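Novice: no FASTA, just this:
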DNA sequence: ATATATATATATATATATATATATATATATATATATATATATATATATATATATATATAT
């Protein structure tokens, strides 16, 4: 009935959230599709305060916190991204 | 009446079959012990959220 996001883009976004990154080395089909539709993925992630940073040289995409531009908070805090200390 | 032969009471010797007693060897069941893997539980360090205590500040 109503419009649905393209199946491949949905798969790429779900994979990117699950594993936290894509790579042309081991997932070319999704990685290329994401680069061919950056405005769709960035629109999908913006409501959650997530945003993809892309490293074309090394063939990599990774999620990162999209929080405000240096607000009064000097360090970011995000509900979903639980921080760790190895 | 004499002479012969046989029979009755009891035990012993020999054989037959049944049954028990003894011993051994075996198979079986079982208890048990071990090992493996897995799950579970506790302790420590750190990040996160909640709650309380203290102080400031408005209204009487």
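Specialist: Thanks, I have the structure now. Residues are numbered from 1 along each chain as shown, chains lettered A, B, ... in the order given.

Novice: thinking residue A:45 is in contact with residue A:63, fair?
Specialist: Yes - at 7.3 Å, residue A:45 and residue A:63 qualify as touching, with contact defined as Cβ atoms under 8 Å. Where C-beta positions appear, they are placed from N, C-alpha and C, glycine not excepted.

Novice: Please name every helix or strand in contact with the helix or strand encompassing residue A:41.
Specialist: Per DSSP states H and E, residue A:41 falls inside helix A:38-45. When contacts are defined as 3 or more Cβ pairs under 8 Å, 6 or more residues apart in numbering; DSSP states H and E, helix A:38-45 packs onto helix A:7-19, strand A:50-55.

Novice: Show me what the first one is packed up against.
Specialist: It stands for helix A:7-19. Packing contacts for helix A:7-19, counted by 3+ Cβ pairs under 8 Å, 6+ apart, involve strand A:21-23, helix A:28-36, helix A:38-45, strand A:60-65.
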